[PDB]
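# Fold and geometry: a report
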Amino acid sequence: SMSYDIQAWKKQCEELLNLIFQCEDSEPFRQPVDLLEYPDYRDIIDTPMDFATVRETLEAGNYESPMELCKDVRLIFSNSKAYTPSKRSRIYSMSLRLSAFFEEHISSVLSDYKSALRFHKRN
Ligand SMILES: CC(C)Cc1nc(C#N)c(N)o1
């Protein structure tokens, strides 16, 4: 049961998203971009993504693994680099800080999940 629990990642990701929502650096990324108030957003960005959407996808049970959740979170940050590419921008700096924060904390979630998969496959 608890060692190598292949479902433990879900609550760990719920907790990491709570930390992200607390971060002042997440303010621009908490909700979808208003496509009326930024009419050129979709001219640039193919697939919008934001932390409320990630949080709801997880709650609905629509991620099969923490790697699928990580892919959507990384899309938030690649979308930000595409839409706000200037390294002079304070929004660029916020995006980089929050991405480093997410990458640090998701690392062990992924590592542990993959170790658990390997153990159950072996046995
Ligand atoms: C976060 C975007 C949806 C909109 C947006 N406002 C700014 C500013 N200021 C920027 N770099 O990008």
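Residues numbered from 1 in each chain as written, not as in the entry; some residues may be left out. Heavy atoms only, no water. Residues with missing side-chain atoms left out of burial classes, pairs and counts.

In the PDB header, X-ray crystallography is given as the technique by which the entry was determined, and 1.3700 Å as its resolution.

This paragraph deals with the pattern of salt bridges. Counted by the stated rule, this structure contains 2 salt bridges. In this structure, the salt-bridge partner of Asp25 is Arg97, at a minimum N-O distance of 2.9 Å. Placement of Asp25 in the loop between α1 (8-22) and α2 (41-44) and of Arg97 in helix α5 (residues 90-122) is noted, with a sequence separation of 72 residues between them. In this structure, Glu103 engages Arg74 in a salt bridge whose closest nitrogen and oxygen atoms are separated by 2.8 Å. Here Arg74 lies in helix α4 (residues 66-83) and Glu103 lies in helix α5, a separation of 29 residues in the sequence. What makes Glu103 partly exposed here is its relative accessible area of 28%. We classify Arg74 as partly exposed; its relative accessible area is 42%. (Salt bridge = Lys/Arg side-chain N within 4 Å of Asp/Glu carboxyl O. Helix = DSSP H or I, 4+ residues; strand = E, 2+ residues; numbered from the N terminus. Buried < 20%, exposed > 50% of the residue type's maximum accessible area, 1.4 Å probe, protein only.)

Moving on: helix α3 (residues 51-59). Three or more residues of α3 are buried, namely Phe51, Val54, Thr57 and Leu58. Summarising the axial view, the buried residues of α3 lie within an arc of 125°, below the 170-degree limit, and thus occupy one face. Buried-residue contacts for α3 involve α1, α4 and α5. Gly61 occupies a position one or two residues after α3 and carries a positive phi of about 80°. (Arc of directions from axis to C-beta. Contact = heavy atoms within 4.5 Å.)

Attention now goes to the nonpolar core. If you look at the biggest cluster of nonpolar residues, it comprises 24 residues, and the most contacted ones within it are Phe51, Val54, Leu69, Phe102 and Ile106. Only α1, α3, α4 and α5 provide two or more residues apiece to this core. Filtering out sequence-adjacent residues up to four positions away, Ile106 remains in contact with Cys13, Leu16 and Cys70. (Core = buried A, V, L, I, M, F, W, Y, C linked by side-chain atoms within 4.5 Å.)

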